[PDB]
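This is final30.txt (compact mmCIF, C-alpha atoms).
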```txt
# COMPACT_ATOMS: atom_id res chain seq x y z
CA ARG A 51 21.62 -0.61 42.77
CA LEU A 52 24.51 1.83 42.78
CA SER A 53 24.73 1.47 39.00
CA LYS A 54 21.04 2.32 38.64
CA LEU A 55 21.53 5.26 40.99
CA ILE A 56 24.40 6.81 39.07
CA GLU A 57 22.37 6.26 35.90
CA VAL A 58 19.35 8.14 37.21
CA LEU A 59 21.32 11.06 38.56
CA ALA A 60 23.28 11.16 35.29
CA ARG A 61 19.92 11.58 33.58
CA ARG A 62 19.23 14.36 36.07
CA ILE A 63 22.43 16.05 34.92
CA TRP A 64 21.25 15.70 31.32
CA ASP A 65 17.99 17.43 31.98
CA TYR A 66 19.92 20.15 33.78
CA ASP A 67 21.73 20.57 30.45
CA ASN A 68 18.50 20.49 28.45
CA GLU A 69 17.04 23.15 30.72
CA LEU A 70 20.14 25.28 30.91
CA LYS A 71 21.09 25.50 27.22
CA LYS A 72 17.56 26.78 26.63
CA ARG A 73 17.95 29.31 29.45
CA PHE A 74 21.17 30.61 27.95
CA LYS A 75 19.79 30.83 24.47
CA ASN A 76 17.20 33.04 26.16
CA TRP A 77 19.34 35.08 28.56
CA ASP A 78 22.42 35.98 26.55
CA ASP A 79 20.14 37.39 23.85
CA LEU A 80 18.98 39.91 26.46
CA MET A 81 22.55 40.62 27.51
CA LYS A 82 23.60 41.00 23.89
CA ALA A 83 20.59 43.08 22.82
CA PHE A 84 20.62 45.13 26.02
CA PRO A 85 21.56 48.66 24.80
CA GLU A 86 18.94 48.66 22.04
CA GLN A 87 16.33 47.59 24.58
CA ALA A 88 17.71 50.24 26.96
CA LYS A 89 17.12 52.92 24.36
CA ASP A 90 13.73 51.45 23.50
CA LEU A 91 11.99 50.93 26.85
CA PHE A 92 13.28 54.21 28.27
CA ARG A 93 11.33 56.21 25.67
CA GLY A 94 7.99 54.98 27.03
CA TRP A 95 5.69 57.86 27.84
CA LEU A 96 5.43 57.51 31.58
CA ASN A 97 8.07 60.25 31.55
CA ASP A 98 5.53 63.05 31.98
CA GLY A 99 4.32 61.32 35.14
CA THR A 100 7.86 61.42 36.51
CA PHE B 8 31.58 25.54 28.31
CA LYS B 9 28.05 24.21 28.07
CA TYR B 10 27.84 21.02 26.07
CA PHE B 11 24.90 18.70 26.30
CA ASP B 12 27.12 15.97 24.93
CA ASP B 13 24.53 13.21 24.30
CA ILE B 14 22.85 10.73 26.63
CA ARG B 15 23.51 7.30 25.05
CA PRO B 16 27.37 7.14 24.92
CA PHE B 17 27.49 7.70 28.66
CA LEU B 18 25.10 4.94 29.72
CA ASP B 19 27.20 2.31 27.96
CA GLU B 20 30.35 3.30 29.86
CA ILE B 21 28.82 1.93 33.06
CA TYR B 22 28.09 -1.42 31.36
CA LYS B 23 31.43 -1.84 29.57
CA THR B 24 34.34 -4.12 30.42
CA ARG B 25 37.50 -4.77 28.44
CA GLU B 26 38.13 -8.25 29.97
CA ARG B 27 41.89 -8.49 29.55
CA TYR B 28 43.70 -11.80 29.96
CA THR B 29 45.02 -11.83 33.47
CA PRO B 30 46.79 -15.19 33.82
CA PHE B 31 45.95 -17.65 36.51
CA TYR B 32 48.93 -19.17 38.39
CA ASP B 33 50.65 -15.88 39.08
CA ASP B 34 51.13 -13.58 42.06
CA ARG B 35 49.12 -10.75 40.54
CA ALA B 36 46.13 -12.52 42.07
CA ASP B 37 47.38 -15.21 44.41
CA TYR B 38 44.31 -16.97 45.79
CA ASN B 39 42.32 -15.61 42.79
CA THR B 40 39.26 -15.23 44.96
CA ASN B 41 36.52 -12.96 43.73
CA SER B 42 37.43 -9.94 45.87
CA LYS B 43 40.02 -8.07 43.83
CA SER B 44 37.45 -8.01 41.04
CA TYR B 45 35.12 -6.19 43.42
CA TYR B 46 37.78 -3.63 44.37
CA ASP B 47 38.69 -2.97 40.76
CA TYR B 48 35.04 -2.73 39.80
CA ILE B 49 33.70 -0.30 42.38
CA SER B 50 36.80 1.90 42.30
CA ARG B 51 36.57 2.11 38.52
CA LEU B 52 32.87 2.81 38.80
CA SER B 53 33.35 5.80 41.06
CA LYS B 54 35.10 7.83 38.31
CA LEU B 55 31.87 9.15 36.83
CA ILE B 56 30.67 10.29 40.24
CA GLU B 57 33.65 12.62 40.10
CA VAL B 58 32.85 13.49 36.49
CA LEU B 59 29.37 14.85 37.00
CA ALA B 60 30.40 16.77 40.11
CA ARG B 61 33.02 18.49 37.95
CA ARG B 62 30.11 19.24 35.62
CA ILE B 63 28.40 20.93 38.59
CA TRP B 64 31.53 23.06 38.98
CA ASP B 65 31.23 23.93 35.28
CA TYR B 66 27.63 25.10 35.82
CA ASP B 67 28.42 27.30 38.78
CA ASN B 68 31.55 28.75 37.18
CA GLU B 69 29.45 29.70 34.18
CA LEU B 70 26.71 31.29 36.28
CA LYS B 71 29.31 33.28 38.21
CA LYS B 72 30.59 34.43 34.81
CA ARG B 73 27.05 35.35 33.78
CA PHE B 74 26.12 37.43 36.81
CA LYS B 75 29.57 39.03 36.73
CA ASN B 76 28.97 40.11 33.13
CA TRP B 77 25.63 41.53 34.19
CA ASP B 78 27.15 43.38 37.14
CA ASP B 79 29.82 44.98 34.97
CA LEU B 80 27.21 45.98 32.41
CA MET B 81 25.17 47.60 35.19
CA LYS B 82 28.35 49.42 36.15
CA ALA B 83 28.55 50.71 32.59
CA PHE B 84 24.85 51.60 32.34
CA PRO B 85 24.86 55.10 34.00
CA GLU B 86 27.53 56.03 31.43
CA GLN B 87 24.83 55.31 28.85
CA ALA B 88 22.04 57.03 30.80
CA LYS B 89 24.26 60.07 30.87
CA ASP B 90 24.65 61.16 27.19
CA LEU B 91 21.26 59.57 26.74
CA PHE B 92 19.93 62.47 28.82
CA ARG B 93 22.27 64.76 26.90
CA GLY B 94 20.44 63.54 23.83
CA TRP B 95 17.26 64.30 25.78
CA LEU B 96 18.37 67.88 26.50
CA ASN B 97 20.11 69.09 23.33
CA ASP B 98 17.06 68.19 21.21
CA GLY B 99 13.64 69.85 21.22
CA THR B 100 11.96 67.59 23.79
CA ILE B 101 12.71 70.26 26.37
CA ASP B 102 9.28 71.46 25.15
CA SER B 103 7.88 68.63 27.25
CA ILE B 104 9.61 69.76 30.41
CA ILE B 105 9.33 73.55 30.24
CA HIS B 106 5.73 73.62 29.00
CA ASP B 107 4.43 70.88 31.30
CA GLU B 108 6.42 72.51 34.13
CA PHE B 109 5.27 76.04 33.37
CA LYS B 110 1.69 76.47 32.34
CA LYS B 111 -0.41 73.96 34.29
CA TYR B 112 1.19 74.62 37.65
CA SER B 113 1.38 78.41 37.29
CA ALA B 114 -2.24 78.68 36.15
CA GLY B 115 -3.27 76.30 38.92
CA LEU B 116 -1.66 78.38 41.65
CA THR B 117 -2.94 81.71 40.28
CA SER B 118 -6.50 80.48 39.70
CA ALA B 119 -6.48 78.71 43.07
CA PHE B 120 -5.55 81.79 45.08
CA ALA B 121 -7.82 83.95 42.91
CA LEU B 122 -10.79 81.67 43.65
CA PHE B 123 -9.81 81.56 47.33
CA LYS B 124 -9.42 85.34 47.56
CA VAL B 125 -12.70 86.09 45.77
CA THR B 126 -14.46 83.52 47.98
CA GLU B 127 -12.89 85.15 51.05
CA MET B 128 -14.02 88.58 49.82
CA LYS B 129 -17.56 87.27 49.32
CA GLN B 130 -17.32 85.88 52.85
CA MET B 131 -16.31 89.31 54.16
CA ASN B 132 -19.17 91.00 52.32
CA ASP B 133 -21.49 88.41 53.88
CA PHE B 134 -19.89 89.03 57.29
CA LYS B 135 -20.30 92.80 57.11
CA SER B 136 -23.91 92.31 56.02
CA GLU B 137 -24.28 90.15 59.13
CA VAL B 138 -22.65 92.77 61.35
CA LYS B 139 -24.35 95.96 60.15
CA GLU C 5 61.13 35.47 85.54
CA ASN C 6 61.39 31.74 86.19
CA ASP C 7 57.88 31.04 84.98
CA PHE C 8 56.30 28.85 82.25
CA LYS C 9 57.23 25.38 83.46
CA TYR C 10 54.78 23.80 81.05
CA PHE C 11 57.71 22.85 78.79
CA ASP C 12 59.20 21.31 81.95
CA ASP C 13 56.60 19.06 83.58
CA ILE C 14 56.49 17.22 80.26
CA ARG C 15 60.16 16.27 80.82
CA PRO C 16 59.63 13.38 83.32
CA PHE C 17 57.06 11.96 80.90
CA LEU C 18 59.14 12.62 77.80
CA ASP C 19 62.26 10.87 78.98
CA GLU C 20 60.02 8.03 80.14
CA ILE C 21 58.80 6.88 76.74
CA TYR C 22 62.30 7.38 75.39
CA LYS C 23 63.46 5.00 78.09
CA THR C 24 60.80 2.32 77.62
CA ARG C 25 60.60 2.80 73.85
CA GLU C 26 63.74 1.14 72.49
CA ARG C 27 65.16 -0.91 75.39
CA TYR C 28 62.49 -3.58 75.20
CA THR C 29 64.07 -6.81 73.93
CA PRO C 30 65.64 -8.08 77.20
CA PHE C 31 62.35 -7.51 79.01
CA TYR C 32 59.66 -8.92 76.73
CA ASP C 33 59.07 -11.78 74.30
CA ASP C 34 58.12 -12.39 70.68
CA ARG C 35 55.55 -15.17 70.61
CA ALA C 36 51.85 -16.02 70.75
CA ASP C 37 50.75 -15.13 67.17
CA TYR C 38 48.29 -12.30 67.61
CA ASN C 39 45.69 -12.31 64.89
CA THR C 40 45.02 -9.19 62.86
CA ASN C 41 41.61 -8.61 61.29
CA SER C 42 41.64 -5.69 58.88
CA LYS C 43 38.73 -4.47 56.84
CA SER C 44 37.43 -6.54 53.92
CA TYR C 45 35.56 -5.21 50.90
CA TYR C 46 32.42 -4.46 52.87
CA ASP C 47 34.26 -1.85 54.87
CA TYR C 48 35.66 -0.54 51.59
CA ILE C 49 32.23 0.13 50.17
CA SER C 50 31.37 1.45 53.61
CA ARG C 51 34.10 4.01 53.07
CA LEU C 52 32.73 4.72 49.62
CA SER C 53 28.97 4.48 50.18
CA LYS C 54 28.36 7.28 52.66
CA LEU C 55 30.77 9.35 50.64
CA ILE C 56 28.82 8.89 47.44
CA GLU C 57 25.39 9.37 48.99
CA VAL C 58 26.47 12.55 50.78
CA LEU C 59 27.12 14.07 47.37
CA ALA C 60 24.38 12.15 45.59
CA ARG C 61 21.81 14.02 47.65
CA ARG C 62 23.84 17.19 47.28
CA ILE C 63 23.58 17.00 43.52
CA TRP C 64 19.99 15.83 43.60
CA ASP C 65 19.04 18.99 45.46
CA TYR C 66 20.99 21.25 43.15
CA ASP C 67 17.80 21.96 41.25
CA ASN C 68 16.13 23.98 43.98
CA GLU C 69 19.26 26.06 44.58
CA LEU C 70 19.57 26.63 40.84
CA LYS C 71 15.84 27.37 40.75
CA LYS C 72 16.46 30.11 43.29
CA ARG C 73 19.35 31.37 41.20
CA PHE C 74 17.33 31.66 38.00
CA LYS C 75 14.39 33.01 39.96
CA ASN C 76 16.34 36.03 41.16
CA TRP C 77 17.49 36.68 37.59
CA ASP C 78 13.88 37.35 36.64
CA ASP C 79 13.46 39.21 39.92
CA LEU C 80 16.24 41.50 38.70
CA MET C 81 14.50 41.77 35.32
CA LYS C 82 11.22 42.88 36.88
CA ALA C 83 13.13 45.19 39.21
CA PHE C 84 15.08 46.82 36.39
CA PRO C 85 12.63 49.44 34.95
CA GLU C 86 12.09 50.71 38.49
CA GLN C 87 15.85 51.10 38.86
CA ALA C 88 16.07 52.76 35.44
CA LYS C 89 13.41 55.36 36.24
CA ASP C 90 14.95 55.82 39.69
CA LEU C 91 18.30 56.48 38.01
CA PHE C 92 16.60 58.88 35.62
CA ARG C 93 14.97 60.96 38.35
CA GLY C 94 18.40 61.34 39.94
CA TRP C 95 20.11 63.31 37.19
CA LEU C 96 17.21 65.57 36.21
CA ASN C 97 17.22 66.90 39.79
CA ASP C 98 20.39 68.76 38.90
CA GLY C 99 19.13 68.85 35.31
CA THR C 100 15.98 70.89 35.88
```

I need this file expressed as structure tokens, please.
Amino acid sequence: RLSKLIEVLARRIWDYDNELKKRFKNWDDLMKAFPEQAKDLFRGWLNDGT
Amino acid sequence: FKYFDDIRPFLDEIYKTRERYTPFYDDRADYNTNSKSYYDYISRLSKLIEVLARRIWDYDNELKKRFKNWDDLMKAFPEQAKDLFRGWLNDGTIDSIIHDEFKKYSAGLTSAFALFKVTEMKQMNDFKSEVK
Amino acid sequence: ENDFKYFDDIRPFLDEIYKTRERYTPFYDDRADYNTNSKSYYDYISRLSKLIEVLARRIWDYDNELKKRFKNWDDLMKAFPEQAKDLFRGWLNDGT
């Protein structure tokens, strides 16, 4: 039973990896491409309202 | 340090035994009852329950690194917003701010008090026509 | 002053065990074969079992904590244009 239990939580660690590699392929793009996005979104024309 | 290693060469490590030749008739295992096998099995099985907890430490160390990188970039960001605004002032888009600041509000205040003053004057002409 | 005799009322009970600690062999005996029962394998996996389940649950419920921690990332993302326009209206105050 303890062998089955370490197996199933090892599979839980693997789907943490499968989730988290995908999250960091997403996130670090935003942290790499941040200044271009910072120049881009700031030029939106809500500025006259401010 | 994020490495989804692969799933199959870990699930065989829990079902693997070398089975070395420990001799019978020695004092390594005196009574050779089936108890020292249990000790050596469960203690060798609880290695991987340290392993994946170290993997949890790897996750949280990485996320601390991630949010720290974000926090330092947010420290740096007003140094971009300044000189961005200097780009916004040394160009000709001051014609947004001075024209949208000037004309609409000035004409609104002048026409508002002009309408109010002419309406008040019409009220006073009405009032003197009432009085006389 | 002659105070703090808390180091001193220990003295008649600290010489006492030094007296009856090592002068025993004319007064006692070495016989009777007391049995000692000490902890087979079932107490060993007792010592290991609560210890593994108390971190087995505490890595099973890592997902909801991590779910919080990549929820507030997107909370920061949706809070960021507000903070950018709030930063922008700061400098133009002196700017205009």

task = Find the residues in chain B near chain A: any atom within 10 Å counts, using all atoms listed in the file. Write them as number ranges by chain.
result = B: 9-14, 17-18, 21-22, 49, 52-53, 55-56, 58-60, 62-63, 66, 73, 76-77, 80, 84, 87-88, 91, 103-104, 107-108

Could you write out that same residue set with C-alpha atoms as a PDB file, in the frame of the given file?
```pdb
ATOM      1  CA  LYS B   9      28.050  24.210  28.070  1.00  0.00           C
ATOM      2  CA  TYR B  10      27.840  21.020  26.070  1.00  0.00           C
ATOM      3  CA  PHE B  11      24.900  18.700  26.300  1.00  0.00           C
ATOM      4  CA  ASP B  12      27.120  15.970  24.930  1.00  0.00           C
ATOM      5  CA  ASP B  13      24.530  13.210  24.300  1.00  0.00           C
ATOM      6  CA  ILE B  14      22.850  10.730  26.630  1.00  0.00           C
ATOM      7  CA  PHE B  17      27.490   7.700  28.660  1.00  0.00           C
ATOM      8  CA  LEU B  18      25.100   4.940  29.720  1.00  0.00           C
ATOM      9  CA  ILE B  21      28.820   1.930  33.060  1.00  0.00           C
ATOM     10  CA  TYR B  22      28.090  -1.420  31.360  1.00  0.00           C
ATOM     11  CA  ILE B  49      33.700  -0.300  42.380  1.00  0.00           C
ATOM     12  CA  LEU B  52      32.870   2.810  38.800  1.00  0.00           C
ATOM     13  CA  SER B  53      33.350   5.800  41.060  1.00  0.00           C
ATOM     14  CA  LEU B  55      31.870   9.150  36.830  1.00  0.00           C
ATOM     15  CA  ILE B  56      30.670  10.290  40.240  1.00  0.00           C
ATOM     16  CA  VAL B  58      32.850  13.490  36.490  1.00  0.00           C
ATOM     17  CA  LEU B  59      29.370  14.850  37.000  1.00  0.00           C
ATOM     18  CA  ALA B  60      30.400  16.770  40.110  1.00  0.00           C
ATOM     19  CA  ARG B  62      30.110  19.240  35.620  1.00  0.00           C
ATOM     20  CA  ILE B  63      28.400  20.930  38.590  1.00  0.00           C
ATOM     21  CA  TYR B  66      27.630  25.100  35.820  1.00  0.00           C
ATOM     22  CA  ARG B  73      27.050  35.350  33.780  1.00  0.00           C
ATOM     23  CA  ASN B  76      28.970  40.110  33.130  1.00  0.00           C
ATOM     24  CA  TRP B  77      25.630  41.530  34.190  1.00  0.00           C
ATOM     25  CA  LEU B  80      27.210  45.980  32.410  1.00  0.00           C
ATOM     26  CA  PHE B  84      24.850  51.600  32.340  1.00  0.00           C
ATOM     27  CA  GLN B  87      24.830  55.310  28.850  1.00  0.00           C
ATOM     28  CA  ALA B  88      22.040  57.030  30.800  1.00  0.00           C
ATOM     29  CA  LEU B  91      21.260  59.570  26.740  1.00  0.00           C
ATOM     30  CA  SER B 103       7.880  68.630  27.250  1.00  0.00           C
ATOM     31  CA  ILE B 104       9.610  69.760  30.410  1.00  0.00           C
ATOM     32  CA  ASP B 107       4.430  70.880  31.300  1.00  0.00           C
ATOM     33  CA  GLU B 108       6.420  72.510  34.130  1.00  0.00           C
TER      34      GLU B 108
END
```

For chain C, list the residues within 8 Å of chain A, counting only C-alpha atoms, and write the list as an mmCIF file with C-alpha atoms, in the coordinates of the input.
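New file iface-v6.cif:
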```
data_model
loop_
_atom_site.group_PDB
_atom_site.id
_atom_site.type_symbol
_atom_site.label_atom_id
_atom_site.label_comp_id
_atom_site.auth_asym_id
_atom_site.auth_seq_id
_atom_site.Cartn_x
_atom_site.Cartn_y
_atom_site.Cartn_z
ATOM 1 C CA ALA C 60 24.380 12.150 45.590
ATOM 2 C CA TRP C 64 19.990 15.830 43.600
ATOM 3 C CA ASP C 67 17.800 21.960 41.250
ATOM 4 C CA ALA C 88 16.070 52.760 35.440
ATOM 5 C CA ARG C 93 14.970 60.960 38.350
#
```

message = Contacts from chain C to chain B, 9 Å maximum, all atoms listed in the file: show me the residue list as a list in words.
response = residues 44, 45, 48, 49, 52, 56, 59, 60, 63, 66, 73, 77, 88, 91, 92, 95, 96, 99 and 100 of chain C

task = One decimal, Å: what's the distance from CA of residue 137 (chain B) over to CA of residue 119 (chain B), could you say?
result = 26.6 Å

note = What separates CA of residue 89 (chain C) and CA of residue 101 (chain B) is a distance of 17.9 Å

request  = Provide the CA of residue 29 (chain C) to CA of residue 17 (chain C) distance in Å, to one decimal place.
outcome  = 21.2 Å

Can I get region 18-47 of chain B with N, CA and C atoms filled in, as a PDB file, keeping the file's coordinate frame?
```pdb
ATOM      1  N   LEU B  18      25.707   6.072  29.031  1.00  0.00           N
ATOM      2  CA  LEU B  18      25.100   4.940  29.720  1.00  0.00           C
ATOM      3  C   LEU B  18      25.677   3.601  29.307  1.00  0.00           C
ATOM      4  N   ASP B  19      26.499   3.547  28.267  1.00  0.00           N
ATOM      5  CA  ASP B  19      27.200   2.310  27.960  1.00  0.00           C
ATOM      6  C   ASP B  19      28.520   2.190  28.702  1.00  0.00           C
ATOM      7  N   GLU B  20      29.074   3.314  29.158  1.00  0.00           N
ATOM      8  CA  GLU B  20      30.350   3.300  29.860  1.00  0.00           C
ATOM      9  C   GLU B  20      30.217   2.626  31.220  1.00  0.00           C
ATOM     10  N   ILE B  21      29.018   2.621  31.797  1.00  0.00           N
ATOM     11  CA  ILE B  21      28.820   1.930  33.060  1.00  0.00           C
ATOM     12  C   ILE B  21      28.552   0.443  32.873  1.00  0.00           C
ATOM     13  N   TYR B  22      28.345  -0.016  31.643  1.00  0.00           N
ATOM     14  CA  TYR B  22      28.090  -1.420  31.360  1.00  0.00           C
ATOM     15  C   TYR B  22      29.150  -1.986  30.416  1.00  0.00           C
ATOM     16  N   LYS B  23      30.369  -1.470  30.487  1.00  0.00           N
ATOM     17  CA  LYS B  23      31.430  -1.840  29.570  1.00  0.00           C
ATOM     18  C   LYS B  23      32.617  -2.406  30.324  1.00  0.00           C
ATOM     19  N   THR B  24      33.154  -3.521  29.835  1.00  0.00           N
ATOM     20  CA  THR B  24      34.340  -4.120  30.420  1.00  0.00           C
ATOM     21  C   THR B  24      35.248  -4.598  29.304  1.00  0.00           C
ATOM     22  N   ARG B  25      36.549  -4.352  29.457  1.00  0.00           N
ATOM     23  CA  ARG B  25      37.500  -4.770  28.440  1.00  0.00           C
ATOM     24  C   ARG B  25      37.750  -6.272  28.489  1.00  0.00           C
ATOM     25  N   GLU B  26      37.842  -6.835  29.700  1.00  0.00           N
ATOM     26  CA  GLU B  26      38.130  -8.250  29.970  1.00  0.00           C
ATOM     27  C   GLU B  26      39.476  -8.669  29.363  1.00  0.00           C
ATOM     28  N   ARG B  27      40.537  -8.092  29.923  1.00  0.00           N
ATOM     29  CA  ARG B  27      41.890  -8.490  29.550  1.00  0.00           C
ATOM     30  C   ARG B  27      42.208  -9.873  30.093  1.00  0.00           C
ATOM     31  N   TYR B  28      43.266 -10.468  29.550  1.00  0.00           N
ATOM     32  CA  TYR B  28      43.700 -11.800  29.960  1.00  0.00           C
ATOM     33  C   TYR B  28      44.682 -11.661  31.106  1.00  0.00           C
ATOM     34  N   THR B  29      44.163 -11.679  32.316  1.00  0.00           N
ATOM     35  CA  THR B  29      45.020 -11.830  33.470  1.00  0.00           C
ATOM     36  C   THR B  29      45.281 -13.314  33.667  1.00  0.00           C
ATOM     37  N   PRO B  30      46.532 -13.753  33.713  1.00  0.00           N
ATOM     38  CA  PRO B  30      46.790 -15.190  33.820  1.00  0.00           C
ATOM     39  C   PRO B  30      46.501 -15.679  35.220  1.00  0.00           C
ATOM     40  N   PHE B  31      45.974 -16.888  35.285  1.00  0.00           N
ATOM     41  CA  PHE B  31      45.950 -17.650  36.510  1.00  0.00           C
ATOM     42  C   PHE B  31      47.318 -18.296  36.694  1.00  0.00           C
ATOM     43  N   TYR B  32      47.609 -18.718  37.935  1.00  0.00           N
ATOM     44  CA  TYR B  32      48.930 -19.170  38.390  1.00  0.00           C
ATOM     45  C   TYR B  32      49.966 -18.058  38.274  1.00  0.00           C
ATOM     46  N   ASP B  33      49.653 -16.908  38.858  1.00  0.00           N
ATOM     47  CA  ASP B  33      50.650 -15.880  39.080  1.00  0.00           C
ATOM     48  C   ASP B  33      50.390 -15.224  40.430  1.00  0.00           C
ATOM     49  N   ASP B  34      51.250 -14.288  40.801  1.00  0.00           N
ATOM     50  CA  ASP B  34      51.130 -13.580  42.060  1.00  0.00           C
ATOM     51  C   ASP B  34      50.469 -12.224  41.911  1.00  0.00           C
ATOM     52  N   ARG B  35      50.003 -11.896  40.706  1.00  0.00           N
ATOM     53  CA  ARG B  35      49.120 -10.750  40.540  1.00  0.00           C
ATOM     54  C   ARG B  35      47.840 -10.947  41.329  1.00  0.00           C
ATOM     55  N   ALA B  36      47.261 -12.138  41.243  1.00  0.00           N
ATOM     56  CA  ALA B  36      46.130 -12.520  42.070  1.00  0.00           C
ATOM     57  C   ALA B  36      46.440 -13.904  42.611  1.00  0.00           C
ATOM     58  N   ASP B  37      46.813 -13.975  43.884  1.00  0.00           N
ATOM     59  CA  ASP B  37      47.380 -15.210  44.410  1.00  0.00           C
ATOM     60  C   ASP B  37      46.314 -16.271  44.642  1.00  0.00           C
ATOM     61  N   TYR B  38      45.349 -15.998  45.507  1.00  0.00           N
ATOM     62  CA  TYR B  38      44.310 -16.970  45.790  1.00  0.00           C
ATOM     63  C   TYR B  38      43.238 -17.008  44.731  1.00  0.00           C
ATOM     64  N   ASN B  39      43.303 -16.071  43.775  1.00  0.00           N
ATOM     65  CA  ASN B  39      42.320 -15.610  42.790  1.00  0.00           C
ATOM     66  C   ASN B  39      40.876 -15.752  43.279  1.00  0.00           C
ATOM     67  N   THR B  40      40.627 -15.335  44.506  1.00  0.00           N
ATOM     68  CA  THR B  40      39.260 -15.230  44.960  1.00  0.00           C
ATOM     69  C   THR B  40      38.605 -14.013  44.321  1.00  0.00           C
ATOM     70  N   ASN B  41      37.299 -13.894  44.515  1.00  0.00           N
ATOM     71  CA  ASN B  41      36.520 -12.960  43.730  1.00  0.00           C
ATOM     72  C   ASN B  41      36.386 -11.618  44.431  1.00  0.00           C
ATOM     73  N   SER B  42      37.438 -11.179  45.113  1.00  0.00           N
ATOM     74  CA  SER B  42      37.430  -9.940  45.870  1.00  0.00           C
ATOM     75  C   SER B  42      38.158  -8.803  45.175  1.00  0.00           C
ATOM     76  N   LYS B  43      39.297  -9.099  44.554  1.00  0.00           N
ATOM     77  CA  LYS B  43      40.020  -8.070  43.830  1.00  0.00           C
ATOM     78  C   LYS B  43      39.223  -7.579  42.636  1.00  0.00           C
ATOM     79  N   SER B  44      38.376  -8.443  42.079  1.00  0.00           N
ATOM     80  CA  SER B  44      37.450  -8.010  41.040  1.00  0.00           C
ATOM     81  C   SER B  44      36.473  -6.982  41.577  1.00  0.00           C
ATOM     82  N   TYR B  45      36.033  -7.153  42.818  1.00  0.00           N
ATOM     83  CA  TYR B  45      35.120  -6.190  43.420  1.00  0.00           C
ATOM     84  C   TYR B  45      35.786  -4.848  43.674  1.00  0.00           C
ATOM     85  N   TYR B  46      37.016  -4.865  44.198  1.00  0.00           N
ATOM     86  CA  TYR B  46      37.780  -3.630  44.370  1.00  0.00           C
ATOM     87  C   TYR B  46      37.958  -2.890  43.060  1.00  0.00           C
ATOM     88  N   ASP B  47      38.452  -3.593  42.046  1.00  0.00           N
ATOM     89  CA  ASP B  47      38.690  -2.970  40.760  1.00  0.00           C
ATOM     90  C   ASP B  47      37.395  -2.602  40.052  1.00  0.00           C
TER      91      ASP B  47
END
```
